[PDB]
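In case you want the letters, here they are:
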Amino acid sequence: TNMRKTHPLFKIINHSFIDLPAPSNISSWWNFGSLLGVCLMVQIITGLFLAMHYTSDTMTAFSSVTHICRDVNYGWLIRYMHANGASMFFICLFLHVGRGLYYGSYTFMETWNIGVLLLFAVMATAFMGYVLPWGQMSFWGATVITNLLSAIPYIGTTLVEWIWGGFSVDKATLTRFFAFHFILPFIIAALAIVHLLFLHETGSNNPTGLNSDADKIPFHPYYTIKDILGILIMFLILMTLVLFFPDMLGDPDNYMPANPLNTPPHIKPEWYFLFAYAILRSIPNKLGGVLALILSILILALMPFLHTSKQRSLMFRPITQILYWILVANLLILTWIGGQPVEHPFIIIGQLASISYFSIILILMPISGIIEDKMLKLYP
Amino acid sequence: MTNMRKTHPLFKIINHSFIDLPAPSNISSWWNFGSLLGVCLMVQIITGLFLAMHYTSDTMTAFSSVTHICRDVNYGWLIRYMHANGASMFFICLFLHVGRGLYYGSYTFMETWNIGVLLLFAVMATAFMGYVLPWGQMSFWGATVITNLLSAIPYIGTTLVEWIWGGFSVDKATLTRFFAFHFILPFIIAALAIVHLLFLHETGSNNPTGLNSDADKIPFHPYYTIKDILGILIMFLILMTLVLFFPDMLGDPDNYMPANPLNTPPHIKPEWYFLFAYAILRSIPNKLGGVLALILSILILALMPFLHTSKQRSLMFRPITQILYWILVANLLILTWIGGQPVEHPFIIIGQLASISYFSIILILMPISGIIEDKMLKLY
Amino acid sequence: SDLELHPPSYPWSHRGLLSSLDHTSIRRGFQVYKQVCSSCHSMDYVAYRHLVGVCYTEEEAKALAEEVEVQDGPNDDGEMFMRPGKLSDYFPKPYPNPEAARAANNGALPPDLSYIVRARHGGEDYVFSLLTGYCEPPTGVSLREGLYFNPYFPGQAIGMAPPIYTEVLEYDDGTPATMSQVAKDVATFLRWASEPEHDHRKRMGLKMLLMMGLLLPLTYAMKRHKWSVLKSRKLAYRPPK
Amino acid sequence: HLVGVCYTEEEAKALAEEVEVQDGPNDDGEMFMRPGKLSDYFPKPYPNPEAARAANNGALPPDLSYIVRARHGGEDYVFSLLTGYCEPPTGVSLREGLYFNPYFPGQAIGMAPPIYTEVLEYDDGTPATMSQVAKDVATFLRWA
Amino acid sequence: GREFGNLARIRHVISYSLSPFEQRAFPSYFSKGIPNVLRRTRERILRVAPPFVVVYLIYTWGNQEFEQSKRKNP
Amino acid sequence: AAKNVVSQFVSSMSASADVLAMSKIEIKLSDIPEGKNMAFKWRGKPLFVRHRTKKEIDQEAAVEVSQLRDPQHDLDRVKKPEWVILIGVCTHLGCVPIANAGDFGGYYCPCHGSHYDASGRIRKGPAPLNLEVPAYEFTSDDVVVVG
Ligand SMILES: CCCCCCCCCCCCCCCCCC(=O)OC[C@H](COP(=O)(O)OCCN)OC(=O)CCCCCCCCCCCCCCCCC
Ligand code: HEC
Ligand code: HEC
Ligand code: HEM
Ligand code: HEM
Ligand code: HEM
Ligand code: HEM
Ligand code: FES
């Protein structure tokens, strides 16, 4: 008789958010993915209120951005909220991925694959969105990334000309990047619905890695109020970042208009790309660097086939815990190296960091799992 | 082993919706039309995406960008005129779909009907703002006329219209926000259509007889799949002979001039899918009353579930209400013809009689005819 | 040269977390820009209406806008004509195109100073270090004529002549116009020119800090209520053996 | 836009280099007067519509880029307008600077009758009668 | 499909809970929190901290080596 | 907090400071004599303003209302009949009318030959309507602010 279990619109809400059985012991890290959804929604809303005054022509892009920040009522709040929300979105995304790696959540293979497709989509969305304000570093980072994407033999030059709409980054590139940056978050939202559907088919994972069917609680009100508290905390960091220091994560050189004649002495993207850029500087080969970038994103999708243990989480695997924190440390090292000049000693440090990164993910972690199985009297 | 079609968590939805969905065997070609609408919707989106790749929402560079699409972009004329003529064909399929729902008694599915009315409002708003977008003379003056009749609302109309405008008249703020809203609205229409199909699939579809069709039901594949491919190809035939042979028989010549606030056209009218609404508006000598009558015309279309006073669902065995239905359809054709005419003799009295007969047939004469055939068949 | 010199951290009155700008300094720096810096540099994104309620009143900014001529038009015979400036007009260009700016300044283009403290590392401190930092070049370097030695400019070869000296202009409020005072005032004004929303942003940040300091413990209290339903749960086992 | 339609690249290049186009600015910061190129648009007679109204006595001559598609009748309207200049009937008086064309709305156009017999010379030896010139320019405006 | 009532088979387990209106929201907060925070820190600090310590060391070494590289070589 | 942020976004959708700057910043001066009509640029449109006399007030009041192509009397146009403030735009094609001409001493459109009176009512031409009177507010009598 009740509309919660009978009405077909409310039935999906009931079985996804109200009466969904959830483990009672999942920590605050399980907030983060839900935070990601809110971040995406927030970005879309702010993006819509940025689309109401942005003009996507090269003569009136930077001027339209200054008109947003100077004449539109609280347009500075909307634009800097959009930029710092993108940064906080990548913070939540990195912690969501690292939690999936630590607690063995990649055994949900379809959920993991939809996740890495979402990661590729949001990285492309962020890159094109940074191209959009048409600053100096926007135009020069776009030119650098596309002309290194031109490194595929016999296909690369035609592909980068068709991506550019011409010989370089120009008005056609800006218009098509505005259209593509508009269209991508809705595809991201649909893929997030498929992500949640693939998760809810099999249930979620607890930090101990055991079977949580012995003790499960309804999602409401427990994780409802936990997610509300997480949303409030995320809004605290986001509003502190937008209302006190709007430029620790930005670049001053993007406040100059785009000059094709002038190249900057240092060209770098944002920090969530920077470590990948460090890998892109690690190998002195064009095509090898491009494949290093693509495999540096795709070995996360490869890791469900790298599980050689009979225990799921890392809570009872201390050597792989140490090696995982060495991996996160190496990621911080690569993030620092990516924003450094191409000069000694950063070359050998970046090469050592990339070698350590691929060695830890590819080689050392299954060996650590095998010897942990041997020491627990499991492996022959 | 297992059946991958029925057990995969993603393929189960496609299997339940388009493969093994039980459908009535005796549904006619009108049951193609709604599926065609969905196809036409995504066609619009695809063409719109490419029209978003070369268009600049700015009053100095909107008309010039449209001419640049028509002349300089490779096959840009084809995609633009496909977008416009597919909008017209989208409304053709819309009116035939709604007329199918009215004739065959498909409005007894009340939640599906009201969701469809919401989709109808959303697509009308999308087409209105999209017609404003190329910034011709008729675009600017039609936007001015619609916003002035919105400003006819007492004590909140002026504030609402200067907040919709972003200023004291139609300017580049209005153009940019109309571009943003015209971009974002079809994805809302797509999600709402997903809800529309969800409610229909949990309530089942209707046969033209109106009887219980559970005795003779067939899978959607491979009958209605190939029937809808044939309908899609016929819809492509009409759309392609409209785009390739008569590109401007439905278009407005005065839209091919740049927008001038100083010069007003001698005749101002909206497009042909707004003309019956405009003729209903123009008949009543009260602007608040005219807007009230327009909104309540679409709302009595929404209210049509509550006027069903007959024991038979469809109009297949109800010839008096069939006659009244065709009087209503011909009256809609008359209102469409009057809406493109000026306020001269004898169009005022004809339009007033047309609107009076339209509201009388929808509200009064159809339940009276239903009661008359109920008595006349000894039903009560 | 390749080696650089980072500017230090000067203790501005707006350096703090909630400390707003000094609007008298912004007014004095606007007078500095109008009297000194407007001959070579432009302020394309700041109009005369932005000064109303920040440094000047409505009539004072109206007089400031009326003091300069704007090429408006076209007239009914299709001609450009001079008109007195109004409040809706932006600050006037020194040169119509950057090519004449490069011609009149020996190749170097003076940048538009609407974001010059937002587009430089170190902010307006660097601007202060550019203005009070001119010195005699050391032995070893011999820069080309038309250039000047500034150790804070990258490459240490700036095309800008030193524009500030003592009593370069007069102040209407009787403040002594030393070179350091003029540089500090124009740095405050250029900080305002990049962030007109600075004081409002800090006020909203103060309200946010108080508001979140109110609502983090309260939301934590409701969470601890609903989850202390479960956090005192006691479980026991009764096997029949 | 004329190459591959009516002219070769050499003929269209000569047509572009016939007319002069303002371009610049130079390194000194001044606008110079260069010969035209293939990428250049067609030269405007007036820089702004105000001098257009001044030179043509208030009336602004419109852009004939979509003048076929902006008018009912298409090129039939252009052909009837150019070959329909007739004397006004009795009962209506026409002031100086206006001309009677019945196909114009209001029937008092401000355009002086532009074409007559042998108004120009054709390259291919076609007899340049008024109706032939009007038909050719209507075909060209339909192409435009 | 995977709702309550058929998740797992559990026998002979007794569970006790109170109303939230009978128990405190923060019962003995720091007296049982600071020992538990110190205990969790004790169990995890030797596996978390030394990678970040050696990252800090490599970062400071790289900064000073960059500054020595920019320095003159008489 | 929710009411505040909803107010922020709603105020963002409203009219910006740039479009609010282009209105209500016009100052009509007192150095304009009797009978001298000039155009100001208001909201992207020409605006004719002229100072008149009582003779033209009585002349415009002598014109009836019911026989007009567009019925409007002089007091319903302006509450100060000695100041005439209209929009100098031809309502048919968009030309610029020329004031202080004709039988009644008003606007003249040269593109087609339209004759207007001093108030702005249609008297000859293809224009089917009058000239729209903009709203205004009263400062000290030297200065009137249109809009
Ligand atoms: C007889 C055939 C002679 C020719 C031979 C060739 C063959 C032709 C077909 C023969 C068919 C034989 C019979 C089989 C068909 C079924 C019966 C049928 O259709 O009968 C005709 C029908 C009778 O009415 P019926 O619906 O059967 O029942 C009503 C209750 N007495 O009658 C009707 O439906 C008549 C409907 C008339 C409607 C007139 C409407 C007038 C007003 C219109 C206003 C509309 C516009 C309003 C605008 C207002 C604003 C300006
Ligand atoms: C004409 C003599 C000028 C006067 C007056 C002012 N400036 Fe200038 N400035 C001028 C030139 C030719 C240049 C470019 C020199 C170059 O090598 O690029 C500049 C540059 C600046 C800059 C930018 C410095 C940078 O690192 O990008 C700033 C911040 C600057 N000038 C400040 C400034 C101020 C505050 C002035 C008023 C006192 C001022 N300038 C006047 C030429 C001239
Ligand atoms: C200067 C004497 C002109 C010559 C040479 C040509 N035209 Fe013209 N035309 C002229 C003016 C001042 C106007 C303005 C409208 C008016 O009131 O007269 C026009 C208008 C046109 C139009 C538009 C007609 C309409 O109804 O909008 C067309 C289609 C047109 N003119 C065609 C045309 C052609 C084909 C010409 C070359 C033979 C030509 N004009 C020359 C003035 C002048
Ligand atoms: C469909 C929704 C979105 C729209 C309409 C949108 C629109 C815009 C616009 C107009 C800009 C340029 C204005 C500016 O300078 O900030 C922009 C910038 C940006 N966007 Fe988005 N965006 C959307 C979603 C996203 C998402 C999901 C991300 C995160 C991946 C994102 C990341 C960015 C970034 C990083 C910038 C650059 C910020 C800056 O340089 O100022 N956007 N976006
Ligand atoms: C686009 C950004 C993303 C969004 C919006 C998103 C959304 C979500 C949501 C809502 C959940 C369920 C709540 C939760 O468990 O925390 C979830 C869980 C999960 N996500 Fe994501 N996710 C994103 C990115 C990713 C990526 C990149 C991966 C792959 C590394 C991933 C893998 C997972 C996994 C494995 C789980 C389930 C683990 C568990 O529930 O214990 N997600 N995600
Ligand atoms: C999200 C998908 C869509 C996008 C991105 C989009 C984008 C655009 C753009 C850029 C224009 C201006 C181009 C031009 O007309 O010269 C336009 C025009 C138009 N659009 Fe859309 N549109 C979309 C969906 C739709 C839909 C669903 C309809 C309704 C069926 C529609 C109806 C129109 C109409 C009537 C025009 C005016 C065409 C004309 O110039 O005559 N659009 N659209
Ligand atoms: C906006 C575009 C629309 C789309 C894409 C759409 C889509 C569909 C589809 C795919 C079906 C199932 C196939 C069929 O039986 O025709 C359907 C059926 C239906 N729709 Fe829509 N629809 C649209 C507009 C509307 C509107 C405006 C209404 C309300 C008047 C409406 C009411 C219905 C009803 C009542 C049915 C069930 C009819 C039956 O199956 O017997 N739809 N629609
Ligand atoms: S053009 Fe002015 S009255 Fe017709």
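Residues numbered from 1 in each chain as written, not as in the entry; some residues may be left out. Chains lettered and ligands numbered in written order. Part of a larger assembly, values for the part shown. Heavy atoms only, no water.

As summarised from the PDB record, the model derives from cryo-EM at a stated resolution of 3.2 Å.

### Focus on the coordination of the iron atom of ligand 7
All names here are of chain B. For the iron atom of ligand 7, the protein coordination sphere consists of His97 (NE2) and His196 (NE2), at 2.2 Å. Bound by 6 donor atoms, the iron atom of ligand 7 shows angles of 79 to 177 degrees at the metal and therefore octahedral coordination geometry. Residue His97 is located in helix α5 (residues 76-103), and its partner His196 is located in helix α9 (residues 172-203); the two are separated by 99 residues in the primary sequence. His196 shares its class with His97; the two are buried. (Donors = N, O, S within 2.8 Å, 3.2 Å for Na, K, Ca; no water. Tetrahedral: all angles 85-135°; square planar, octahedral: opposite > 155°, others 65-115°. Helix = DSSP H or I, 4+ residues; strand = E, 2+ residues; numbered from the N terminus. Buried < 20%, exposed > 50% of the residue type's maximum accessible area, 1.4 Å probe, protein only.)

### Topic: the interface of chain A and chain E
On the chain E side, the residues contacting the 27 residues of chain A number 21 residues. In this assembly, chain A packs against chain E so that about 2100 Å² is buried in total across both faces, 70% of it on carbon and sulfur atoms. Summed over the three residues of chain A that lose the most area to chain E, namely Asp213, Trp325 and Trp336 of chain A, the buried surface amounts to 25% of that side. Inspection of the chain A/chain E interface yields 2 salt bridges. Residue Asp213 of chain A is joined to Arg2 of chain E by a salt bridge in which the shortest nitrogen-to-oxygen separation is 2.6 Å. For the interface between chain A and chain E, the tally reads 3 residue pairs in polar contact. Elements represented by at least two residues in the side of chain A that touches chain E include exactly β2 (216-218), α13 (318-338) and α14 (346-375) of chain A. Among the elements that line the side of chain A that touches chain E, the one with the most residues is α13 of chain A, at 10 residues. (Contact = heavy atoms within 4.5 Å. Buried area = accessible area lost by both parts, 1.4 Å probe. Salt bridge = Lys/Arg side-chain N within 4 Å of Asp/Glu carboxyl O. Polar contact = N/O pair within 3.5 Å; in protein donor to acceptor, adjacent residues only side chain to side chain.)

### Focus: the UniProt feature "binding site: a ubiquinone" in chain A
Residue and element names in this part refer to chain A. Summarizing the sequence annotation, UniProt attributes the feature "binding site: a ubiquinone" to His200 in the numbering used throughout. Along the chain, the position of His200 falls in helix α9 (residues 171-202). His200 has contacts with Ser16 and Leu20, leaving out every residue within four places of it along the chain. (UniProt positions renumbered as here; feature names shortened; annotations may be inferred.)

### With respect to the UniProt feature "transmembrane region" in chain A
Residue and element names in this part refer to chain A. In the UniProt entry, the feature "transmembrane region" is given for residues 27-52, 81-106, 111-129, 179-199, 223-245, 288-306, 318-338 and 348-369. Within residues 27-52, the helical portion is 77% and the strand portion 0%, while the C-alpha atoms at the span's ends are 40 Å from each other. Annotation note: span residues 318-338, helix share 100%, strand share 0%, distance between end C-alpha atoms 30 Å.

### Section: the side chain of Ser88 of chain B
All names here are of chain B. Here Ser88 lies in helix α5. Given a relative accessible area of 7%, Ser88 falls into the buried group. A polar contact of 3.3 Å, which involves the side chain of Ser88, links it to the side chain of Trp272. Residues in contact with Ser88, not counting those within four places in the same chain, are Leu250, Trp272 and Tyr273.

### A few points about the side chain of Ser228 of chain C
Counting through the fold element by element, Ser228 of chain C comes out in helix α6 (residues 198-228). For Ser228 of chain C, the side chain forms a polar contact with the main-chain oxygen of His225 of chain C, separated by 3.0 Å. Once residues within four sequence positions are removed from consideration, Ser228 of chain C is found in contact with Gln23 and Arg24 of chain E.

### Quick notes on the packing of aromatic side chains
This structure, assessed with the given rule, holds 78 aromatic pairs over all chains. Between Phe346 of chain A and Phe66 of chain E, the aromatic rings sit 5.5 Å apart at their centres with planes inclined by 50 degrees, giving tilted as the arrangement. One end of the pair, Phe346 of chain A, is in helix α14; the other, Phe66 of chain E, is in helix α1 (residues 29-70), on a second chain. Residue classification places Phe346 of chain A among the buried positions, given a relative accessible area of 3%. Residue class for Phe66 of chain E comes out partly exposed when judged on its relative accessible area of 23%. Taking 6.2 Å as the distance between ring centres and 90 degrees as the angle between the ring planes, the aromatic pair formed by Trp12 of chain C and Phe128 of chain C counts as edge-to-face. (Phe/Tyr/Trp six-rings, centres within 6.5 Å; stacked < 30°, edge-to-face > 60°.)

### Considering the domain arrangement of chain C
Residue and element names in this part refer to chain C. Annotation of chain C at the domain level lists domain 1 (1-196) and domain 2 (197-241). Relative placement of domain 1 and domain 2: their C-alpha centres are 49 Å apart. Interface area, domain 1 with domain 2, both sides summed: about 760 Å², of which 53% is carbon and sulfur. For the domain 1 face of the interface with domain 2, the top three residues by lost area are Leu18, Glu195 and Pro196, together amounting to 50%. Our count for the contact surface shared by domain 1 and domain 2 stands at 1 salt bridge. Between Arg118 and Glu197 there is a salt bridge; the shortest N-O distance is 3.9 Å. Our count for the contact surface shared by domain 1 and domain 2 stands at 6 residue pairs in polar contact. In terms of residue class, the side of domain 1 that touches domain 2 is built from 4 nonpolar, 5 polar and 3 charged. (Domains from an automatic or database assignment. Nonpolar A, V, L, I, M, F, W, Y, C, P; charged D, E, K, R; others polar.)

### Here's the deal with empty space enclosed by the protein
All names here are of chain B. In this structure the tally under the stated criterion is 12 cavities of 30 Å³ or more. In this model, the largest cavity occupies a volume close to 1000 Å³. Among the secondary structure elements, those contributing two or more residues to the lining of the largest cavity are α3 (33-51), α4 (63-71), α5, α6 (110-132) and α9. Per-element accounting of the lining of the largest cavity gives the leading share, 9 residues, to α5. Across the lining of the largest cavity, the residue classes tally to 29 nonpolar, 10 polar and 4 charged. If you add up the space inside the second largest cavity, you get close to 160 Å³. (1 Å grid on protein atoms, 1.4 Å probe; cavity = no way out; pocket = protein on both sides within 12 Å on 5 of 7 lines; lining within 4 Å. Points joined across faces, edges and corners; volume = space filled by probe spheres on them.)

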